[PDB]
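There is one chain below, alone, in structure tokens, taken in the form deposited in one PDB entry.
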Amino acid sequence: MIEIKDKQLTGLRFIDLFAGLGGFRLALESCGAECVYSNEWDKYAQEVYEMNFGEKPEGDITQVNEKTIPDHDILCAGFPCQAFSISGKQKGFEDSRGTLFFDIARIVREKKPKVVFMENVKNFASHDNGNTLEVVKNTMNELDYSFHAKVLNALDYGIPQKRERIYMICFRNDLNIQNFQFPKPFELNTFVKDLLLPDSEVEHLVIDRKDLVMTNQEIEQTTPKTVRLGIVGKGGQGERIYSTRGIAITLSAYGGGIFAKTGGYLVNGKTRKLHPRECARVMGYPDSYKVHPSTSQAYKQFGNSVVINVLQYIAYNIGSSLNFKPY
């Protein structure tokens, strides 16, 4: 994460739906806002949230009377994406895990928050020929909000990870917000090699495999792209090794492969997966953050979390645009 002094959102209240790790909280909180309610059903996710905020989120959002939700200004939600990711069987809304948006919608219709801030995977943009996006676009407009969306790729905002995501900011049609904009990109000057842990701490993640083939030679100079060096087995997901000189491929929640969820890296002549803390750092989490004691779960968690640094910017802009109230 990044430090911010113009706390644009001081005095605003926000809801953390599908809290997960709390990435949305950290982001908005670094701007001066305050989380008045949180929601996350996964037992383990609940454990870390509590471990890091002292609160335990409410359960299954689908069975929560919308009225029960407190007044709030900004609604934050990174709804489940398994049903829209390039990596899965794209069942979309037909999928049981693809209708949570409509849960967001019934929340918005009752509480009418000034802002709706959603997150999801890039393929969502084009899913079902973009019908999905369109369905969402329209649904929002009808509840009286302006729909603003773009696909930003973390590596353009200081984080050494090629995580391409769609971000959707919606404003109540009242407040004539007409100046909102998405953070301008900037030069990447921090790479994976700059986030790795001392070898002493990592050792146990190292993997020696004889079916390790080398498709390319290590690069000398830093590059803001995923430069793959090797393959293991059949080179499927989790079976590909990248250079610590480029940027980290998207971390995932349910991923498989010998280097499940983090992918493999050629660290100092050795081939290994990333340590939970390294995942955190790569997601732009402060080292102060407490990762879940169960590594498998820590991976899963960070895997479908969100790159804090980015939301930081967007939030600041969401703020900027809301404070411009001249005469």
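Numbering starts at 1 and follows the sequence shown. What we label the rigid core is the largest C-alpha set whose atoms superpose within 1.5 Å from one form to the other. Shifts are known only where both forms have a C-alpha.
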Q) So which stretch wins on mean C-alpha B-factor, 9 to 17 or 306 to 314? A) 9 to 17
Q: On mean C-alpha B-factor from the PDB entry, just flag whether 60 to 68 or 29 to 37 is the higher one.
A: 60 to 68
Q: Go through 99, 200, 237, 85 one by one and give the residue whose Cα B-factor in the PDB entry is largest.
A: 200
Q | Given 104, 188, 152, 170, the residue at which the Cα B factor reaches its maximum | A | 188
Q: Check where residue 46 lands among this chain's C-alpha B-factors and tell me if it's the lowest, middle or highest third.
A: lowest
Q: Comparing against every modelled residue in the chain, figure out the third that the C-alpha B-factor of residue 161 lands in (lowest, middle or highest).
A: lowest
Q: Select lowest, middle or highest to describe the third in which the CA B-factor of residue 278 falls within its chain in this entry.
A: lowest
Q) With respect to C-alpha B-factor, does residue 180 fall in the lowest, middle or highest third of the chain as deposited? A) highest
Q: Using the B-factor values recorded in the entry, state whether the Cα atom of residue 80 falls in the lowest, middle or highest third among the modelled residues of its chain.
A: lowest
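Heads up, the form deposited in another entry isn't pictured, but that's what we're talking about next.
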Q) Which listed residue, 87, 181, 189, 173, is the one whose CA shifts 2 angstroms or more between this form and the one not shown with the rigid core aligned? A) 87
Q: Note yes or no: does the Cα of residue 138 move by 2 Å or more between this form and the one not shown after the core is superposed?
A: no
Q. Superposing on the rigid core, do we see a C-alpha displacement of 2 Å or more at residue 97 between this form and the one not shown?
A. yes
Q) Since the CA distance of residue 264 and residue 81 differs by 3 Å or more in the other entry, is it closer or farther than in the form displayed? A) farther
Q | residue 87 and residue 121, C-alpha gap in the other entry relative to this structure (3 Å or more) | A | farther
Q | Large-shift segments between this form and the one not shown, meaning 3+ residue runs whose Cα move 2 Å or more when the rigid core is superposed | A | 81 to 98, 235 to 237
